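Have a look below at one chain only, the form deposited without the named molecule, in structure tokens format.
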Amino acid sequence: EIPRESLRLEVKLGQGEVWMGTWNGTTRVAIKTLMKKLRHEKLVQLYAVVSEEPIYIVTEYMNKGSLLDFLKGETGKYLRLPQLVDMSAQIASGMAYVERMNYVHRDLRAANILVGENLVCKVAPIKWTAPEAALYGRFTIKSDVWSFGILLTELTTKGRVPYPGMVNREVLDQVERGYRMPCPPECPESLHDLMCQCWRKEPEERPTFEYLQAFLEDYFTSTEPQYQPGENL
């Protein structure tokens, strides 16, 4: 809870609205116009609120915008697998916290991850949604794991929409018949194997975020120690 005059609203980032600005003329902040329980290094941090109208919400500033906009921007073409797996390992870590706190995110995808400097990533759509959630409304941490498998394809394709060429109904139809996205060009099969574990039909058989985090943190020693950079990954 803070004074209204203590927030200088500078650049409008999107549409209520979202602004870049300064708090107490020193701290760069993100400002939402018309999360106290959750505290983790890989979750975007709430700084302050103004509870009465007009309502203002103040969070740490993530200077590269969404992961989605980062991968699709000027820097994305330079990202290679090591940086993309490192990003996914940070997302898995934030989701491991959510998982331990008995929460469920429900809209996990690159549009909803924010990126800072030093490639720091923090957690803040039928194609991203598990079949049991999309169809029967069973949203669990395991349906978030499914969304994470999909998010891994966004990372390995540097930000492409999943199920390229398919409309929502075709995706829902095909996935119901066992379809899964193939291995992305130049993505190691071991990483696609991980995707395929996240997309197991039985939700309880999908891995935990704690497991995902460990697999991705360790990836270039334990799983791909012979990794050589290619044309794009």
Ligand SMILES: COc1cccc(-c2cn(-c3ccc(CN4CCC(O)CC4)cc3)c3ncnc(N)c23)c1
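Rigid core (definition): largest C-alpha set, two forms, superposition within 1.5 Å. Shifts are known only where both forms have a C-alpha. Each residue number is its position in the shown sequence, starting from 1.
In what follows, reference is made to the form solved in complex with the named molecule, a form of this protein that is not presented.
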Checklist entry - Using heavy atoms and a 4.5 Å limit, would one call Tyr61 a contact residue for the named molecule in the deposited bound form? => result yes
Hey, in the deposited bound form, does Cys198 get a heavy atom within 4.5 angstroms of the named molecule? no
query: Heavy atoms within 4.5 Å of the named molecule in the deposited bound form: does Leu191 have any?
result: no
Within a 4.5 Å heavy atom cut-off, is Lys32 in contact with the named molecule in the deposited bound form?
yes
Within 4.5 Å of the named molecule in the deposited bound form, heavy atom basis, the matching stretch of 51-59, 160-168, 174-182, 203-211 is 51-59
Assess the spot marked by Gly76, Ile91 and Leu119: is the named molecule within 4.5 Å of a heavy atom from every one of these residues in the deposited bound form?
no
Only hit among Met87, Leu71, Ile150, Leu114 for heavy atom within 4.5 Å of the named molecule in the deposited bound form is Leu114
After aligning on the rigid core, stretches of three or more residues with every C-alpha displaced by 2 angstroms or more between the shown form and the other one cover residues 1-6
